[PDB]
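Below: the structure, in structure tokens.
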Amino acid sequence: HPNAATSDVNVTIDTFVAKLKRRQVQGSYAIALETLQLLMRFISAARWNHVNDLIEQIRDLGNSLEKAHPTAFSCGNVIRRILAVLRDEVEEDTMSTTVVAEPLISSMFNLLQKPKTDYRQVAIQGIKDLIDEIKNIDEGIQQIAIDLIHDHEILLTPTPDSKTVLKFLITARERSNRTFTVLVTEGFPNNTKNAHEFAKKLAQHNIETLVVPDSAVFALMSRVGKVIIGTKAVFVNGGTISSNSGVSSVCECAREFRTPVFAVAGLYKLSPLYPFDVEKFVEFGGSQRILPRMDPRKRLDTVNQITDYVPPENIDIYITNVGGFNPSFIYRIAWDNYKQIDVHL
Amino acid sequence: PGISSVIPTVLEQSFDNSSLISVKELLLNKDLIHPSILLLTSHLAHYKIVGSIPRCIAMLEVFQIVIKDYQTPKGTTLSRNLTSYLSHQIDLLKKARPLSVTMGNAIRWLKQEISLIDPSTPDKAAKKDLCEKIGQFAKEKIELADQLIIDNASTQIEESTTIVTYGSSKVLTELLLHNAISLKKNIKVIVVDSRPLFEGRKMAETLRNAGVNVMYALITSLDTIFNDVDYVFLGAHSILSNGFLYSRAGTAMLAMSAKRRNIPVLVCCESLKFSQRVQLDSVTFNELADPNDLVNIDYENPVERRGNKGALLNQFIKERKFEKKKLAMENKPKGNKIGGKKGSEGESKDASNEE
Amino acid sequence: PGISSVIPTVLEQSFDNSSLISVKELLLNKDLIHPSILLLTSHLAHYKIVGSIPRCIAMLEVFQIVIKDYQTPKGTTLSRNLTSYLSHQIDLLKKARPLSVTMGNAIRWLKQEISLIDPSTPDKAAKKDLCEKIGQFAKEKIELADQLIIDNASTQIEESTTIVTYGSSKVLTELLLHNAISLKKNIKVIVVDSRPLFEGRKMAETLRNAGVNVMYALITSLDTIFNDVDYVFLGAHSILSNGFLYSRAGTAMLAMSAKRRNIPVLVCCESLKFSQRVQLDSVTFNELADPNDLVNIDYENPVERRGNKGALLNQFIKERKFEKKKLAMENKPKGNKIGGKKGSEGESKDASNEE
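In the order they appear, the protein sequences are chains A, B and C.
Per the UniProt record's numbering: the first sequence = residues 10 to 108, 113 to 128, 147 to 376.
Per the UniProt record's numbering: the second sequence = residues 237 to 257, 259 to 464, 466 to 593.
Per the UniProt record's numbering: the third sequence = residues 237 to 257, 259 to 464, 466 to 593.
Pasting the structure below:
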């Protein structure tokens with residue numbers, strides 16, 4: 010189904026599209042909120058009764074959105090989650106309408126063997160719940176992080192900007208008796224300003240801050256105890272695509288010198304899509320903020336990438352609103368909220 | 237000598253093996270100090286181009302000039318205060334910025350030469366020969382070494398090669414140029430560079446000026462061109479009797495990557511680069527400049543801008559420290575080629591007895 | 237009423253959060270408290286044999302006994318100040334010896350039971366059923382599991398064996414006994430002992446009580462042994479949600495050695511001992527005891543010589559501490575034996591959400 014009705018039905022779809030394509034929007038949580046609002050709008054004005062068709066339409070829309078931007082995931086993921094939420098309810102409803114169902118627990122082999148209600152209000156309530164969850168992950172993750180950190184340990188903090196990570200850090204700092212040292216890598220391109228902002232915020236409360244050059248990691252990694260990352264995209268085999276600037280080399284170094292890695296994450300930010308090749312998923316970036324003027328660009332060849340992928344060979348813990356999970360196990364967690372069907376369409 | 241100390245910035249809780257700051262702006266200079274040295278110091282204070290090899294050559298040249306300028310006095314003899322002067326110069330250099338092993342070796346050689354020639358000889362006749370000898374030494378222990386390196390490369394390097402390098406290793410640049418223009422072969426040369434120094438950029442520019450296809454690289458990723467890369471030379475500064483290397487920036491990282499993926503790395507050097515002193519970590523001896531290379535928001539070096547950056551003491555506790563020289567590993571640089579042509583870095587001091 | 241105070245030896249610097257200290262010698266406590274629990278706690282405190290398996294069972298038995306003895310008040314119901322009493326008991330237990338994963342599980346079970354039969358029932362009808370239920374549970378989840386494990390072990394040996402062993406765990410001992418007796422194979426057992434609490438000696442004694450061909454060694458004495467010898471075994475206490483081995487003392491080193499010498503290790507697991515709690519380091523929560531565990535010199539435990547050492551608080555400027563529970567490497571032990579016969583440690587929490 011094409012983008013034909015998506016103009017007269019709702020007020021703000023074009024602007025959303027613009028935000029997606031041209032990057033007017035900032036913050037993944039904000040994006041999620043926007044998507045939720047869009048969904049609400051879709052629901053509120055329209056009366057459907059036929060549900061499966063609607064679900065299919067929604068799926069198609071999601072697919073289209075995904076196709077529109079190859080490295081933006083959050084919007085898609087949220088939609089997928091919503092679909093999943095709907096689906097089980099629909100299945101339940103059908104079973105009531107018709108009137113053995115379950116022999117033991119959640120079992121396989123169902124892929125080979127053959128398997147008026149106030150529904151709208153319920154759907155609305157689900158959306159509200161989702162919104163609430165998105166709002167209050169701050170009170171969700173809060174007391175799982177204070178179970179793995181202690182005294183006389185140097186902490187590497189690469190690529191910080193988001194309000195989740197910041198809040199976590201604030202919480203950590205509140206119990207100031209614990210000895211934690213903050214090392215911040217600047218992050219060559221865009222991350223620098225964000226890093227500076229973070230530092231300023233730390234200084235506001237009174238937290239010690241040390242500035243790290245990106246080139247110097249090998250001369251520091253043997254001293255650093257524990258590493259925390261505030262990633263945006265989480266994947267299948269245990270790897271992540273983080274919010275830009277030099278992570279891969281650092282991870283390699285850590286692996287070489289043996290260093291534990293923590294991550295502040297969310298299951299809604301986690302993707303059921305698998306990254307199979309380095310040749311595709313690694314996103315190259317702009318050379319606008321590298322060298323002034325374009326006459327040397329004739330013979331020389333500047334190679335630059337902004338956002339980077341991490342192999343699962345390195346990270347070991349994912350501290351979430353639920354709890355810390357193993358990278359070579361996170362697939363199960365993902366499947367406890369997502370499906371195998373909603374991948375290739 | 238003049239004026240010392242009186243400088244900002246804290247001692248730093250993390251990493252303080254060597255003293256961190259100096260003489261930049263001249264006021265009340267002594268009568269006997271040669272201005273060339275001062276000029277050199279001024280250059281080094283904010284230098285982009287030179288690194289290890291050319292510095293030593295420059296120093297040698299300066300010394301030669303000084304020798305040319307100086308004659309045997311009536312009261313004091315030729316070997317009376319020369320040594321003292323040399324010592325003073327060395328001290329000044331130390332004050333300015335820590336030096337290299339090659340420089341030390343050169344100094345030692347000079348001392349030996351001084352010891353050799355007796356003060357009873359005719360003065361005019363003496364320095365006439367001494368200068369010649371110095372010239373000969375320069376020709377042999379530098380240019381000839383370079384030539385030897387080139388020839389080593391020639392036999393070893395396959396029919397047209399993709400080459401990766403880092404820094405401002407002048408010898409290697411020269412070799413690259415030779416490969417491009419003199420012997421004529423395909424040169425897919427890749428150069429990496431960091432934030433604080435624009436050495437790599439400069440090298441790239443130079444290559445362009447000679448007509449070479451260059452691939453420019455930064456910190457954020459290296460593997461993007463690797464995952466293809468076939469043969470690699472590393473940046474060099476000084477060697478130890480362990481089998482390790484004391485070199486510039488994230489060369490160690492590169493070496494590690496090479497070790498991980500497909501093929502090891504190799505470094506060619508001069509026969510008078512080797513030391514007999516030893517170390518094994520990036521905490522032993524750190525080479526430092528002022529934390530100001532990343533204060534200016536990227537692009538060019540002299541800019542002077544109004545913005546946000548510049549909080550060394552202004553806000554509630556902030557430190558912006560860095561390093562220049564780091565430890566390169568042993569198990570990965572298997573190759574070492576000098577004035578003695580062939581050998582391994584596992585043979586860490588096999589040439590120190592022969593010299 | 238009850239007061240702590242007076243702590244023995246130096247407190248060091250690191251590892252300063254866990255409850256380990259105080260009430261070793263009895264001097265005035267609360268009035269109407271049942272003393273059997275206290276006695277049990279005391280026993281646990283001065284124990285040198287117990288390891289993973291039996292403690293929880295003992296606790297369960299004690300609870301059963303208490304229930305059997307329990308008097309329902311003449312005015313008030315079965316639970317009013319009972320909860321307070323229970324809390325007090327728990328506190329006492331904590332003061333004596335840390336509540337492990339098994340203990341937590343037991344507590345949870347107790348709570349569940351309480352929830353099941355809540356304030357409505359008389360004297361000898363409720364508890365009559367409850368006790369029987371508890372007995373049934375004991376019969377089910379533990380003994381049968383152990384039997385299953387034993388049977389798995391039985392099949393796990395095919396053709397010829399030469400084994401190196403460590404651990405206090407009863408299950409391993411049972412397995413060894415089975416190997417010796419009702420299988421009649423060509424078994425060989427080499428024993429490794431640990432200093433803090435004696436397990437190796439116990440194992441040796443057990444072997445003797447059967448009459449086995451037995452070699453004997455310790456934590457450090459390892460290298461000369463392997464000069466034919468294949469199998470290696472270990473015994474764990476508890477595994478977290480993380481998948482890492484949160485077990486007792488000297489295992490990890492042994493495992494590493496085994497890995498190096500090219501034949502891996504197999505550990506045995508239980509289908510109850512899994513926790514919601516998340517940790518990956520020594521500092522978080524650890525079994526910590528008084529430094530009296532490392533005082534005795536040579537051969538046996540009770541000897542006492544006034545030769546070189548015999549002071550702790552008098553030993554000025556000295557930081558004496560030791561670890562009991564270790565956090566072993568995840569990838570190193572290959573096989574794990576639970577209720578579902580065989581499988582990798584990639585399970586982690588595949589029984590936690592199963593409930």
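Just so you know, even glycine gets a beta-carbon here, dropped at the ideal spot from N, CA and C.
Straight-line Cα distance separating residue j from residue i
i	j	result
residue 326 of chain C	residue 460 of chain C	48 Å
residue 246 of chain B	residue 432 of chain C	48 Å
residue 494 of chain C	residue 571 of chain C	9 Å
residue 379 of chain C	residue 250 of chain C	38 Å
residue 30 of chain A	residue 83 of chain A	14 Å
residue 560 of chain C	residue 217 of chain A	40 Å
residue 265 of chain B	residue 540 of chain B	27 Å
residue 552 of chain C	residue 241 of chain C	19 Å
residue 254 of chain A	residue 519 of chain B	12 Å
residue 54 of chain A	residue 175 of chain A	41 Å
residue 521 of chain B	residue 533 of chain B	25 Å
residue 439 of chain C	residue 295 of chain C	19 Å
residue 301 of chain A	residue 86 of chain A	8 Å
residue 367 of chain A	residue 72 of chain A	21 Å
residue 428 of chain C	residue 492 of chain C	12 Å
residue 248 of chain B	residue 483 of chain B	26 Å
Nearest neighbour of residue i, chosen from the options [CA to CA]
i	options	result
residue 253 of chain C	C/583, C/449, C/524 and C/345	C/524
residue 245 of chain A	A/269, A/279 and A/273	A/279
residue 504 of chain B	B/289, B/390, B/384 and B/335	B/390
residue 355 of chain B	B/367, B/346, B/344 and B/291	B/367
residue 557 of chain B	B/563, B/576, B/530 and B/351	B/530
residue 324 of chain A	B/348, B/537 and B/589	B/537
residue 192 of chain A	A/229, A/181 and A/210	A/229
residue 563 of chain B	B/274, B/334 and B/317	B/334
residue 394 of chain B	B/583, B/578, B/573 and B/359	B/573
residue 527 of chain B	B/348, B/299 and B/260	B/260
residue 185 of chain A	A/178, A/153, A/241 and A/205	A/241
Partners in chain C for residue i, counting only beta-carbon separations shorter than 8 Å
i	result
residue 181 of chain A	253, 519, 521 and 522
Under 9 Å from the C-beta of residue i: neighbouring residues of chain C
i	result
residue 178 of chain A	515, 516, 517 and 522
residue 354 of chain A	479, 514 and 516
Supposed close pair residue i, residue j - CB separation, criterion 8 Å
i	j	result
residue 371 of chain C	residue 412 of chain C	With 8 Å as the limit, residue 371 of chain C and residue 412 of chain C do not qualify as a contact, their Cβ atoms being about 28 Å apart.
residue 450 of chain B	residue 424 of chain B	7 Å
Proximal chain B residues relative to residue i, where beta-carbon distance stays under 8 Å
i	result
residue 205 of chain A	Correct list: empty, because the minimum Cβ distance to chain B is about 17 Å.
Residue i: contacting residues in chain A (beta-carbon distance under 9 Å)
i	result
residue 481 of chain C	357, 359 and 360
Cross-chain neighbours of residue i in chain B, by beta carbon under 9 Å
i	result
residue 279 of chain A	457, 458, 459 and 460
residue 199 of chain A	Per Cβ cutoff of 9 Å: no residues; residue 199 of chain A is ~21 Å from chain B at best.
residue 309 of chain A	460, 461 and 464
Partner residues on chain A for residue i, Cβ-Cβ distance less than 8 Å
i	result
residue 451 of chain B	330, 331 and 332
Per-residue contacts from residue i into chain A (C-beta, under 7 Å)
i	result
residue 586 of chain C	357 and 360
residue 554 of chain B	234 and 237
residue 536 of chain B	320
residue 490 of chain B	249
Heavy atom of the ligand ADP within 7 Å of residue i beta-carbon
i	result
residue 570 of chain B	In terms of ligand content, the structure shown is empty, and the ligand ADP therefore cannot be addressed.
Contact set between residue i and chain B, taken where Cβ atoms lie within less than 7 Å
i	result
residue 79 of chain A	Under the 7 Å cutoff, chain B gives no residues; its nearest Cβ is about 17 Å from residue 79 of chain A.
Proximal chain C residues relative to residue i, where beta-carbon distance stays under 7 Å
i	result
residue 116 of chain A	Under the 7 Å cutoff, chain C gives no residues; its nearest Cβ is about 16 Å from residue 116 of chain A.
> Can at least three beta-carbon pairs, one atom from the stretch 86 to 94 of chain A and one from the stretch 43 to 53 of chain A, be found at a separation below 8 Å?
Replying inline: yes
> Pairing CB atoms from the stretch 472 to 486 of chain C with CB atoms from the stretch 354 to 365 of chain A, are three or more of them under 8 Å?
Replying inline: yes
> Would you say the stretch 151 to 163 of chain A touches the stretch 580 to 590 of chain B, given that touching needs at least three Cβ pairs under 8 Å?
Replying inline: no
> Does the stretch 285 to 293 of chain A touch the stretch 258 to 269 of chain A, meaning 3 or more C-beta pairs lie closer than 8 Å?
Replying inline: yes
> Are the stretch 72 to 81 of chain A and the stretch 192 to 203 of chain A touching, with three or more C-beta to C-beta distances below 8 Å?
Replying inline: no
>> Any contact between the stretch 266 to 280 of chain A and the stretch 435 to 450 of chain B? By contact I mean 3 or more CB pairs, one from each, below 8 Å.
In response: no
>> Does the structure place the stretch 267 to 274 of chain C close enough to the stretch 302 to 322 of chain C that three or more beta carbon pairs sit under 8 Å?
In response: yes
> Is the stretch 322 to 338 of chain A close to the stretch 229 to 244 of chain A, with three or more CB pairs under 8 Å?
Replying inline: no
> Touching or not, the stretch 397 to 412 of chain C and the stretch 283 to 291 of chain C, by the rule of three or more beta carbon pairs under 8 Å?
Replying inline: yes
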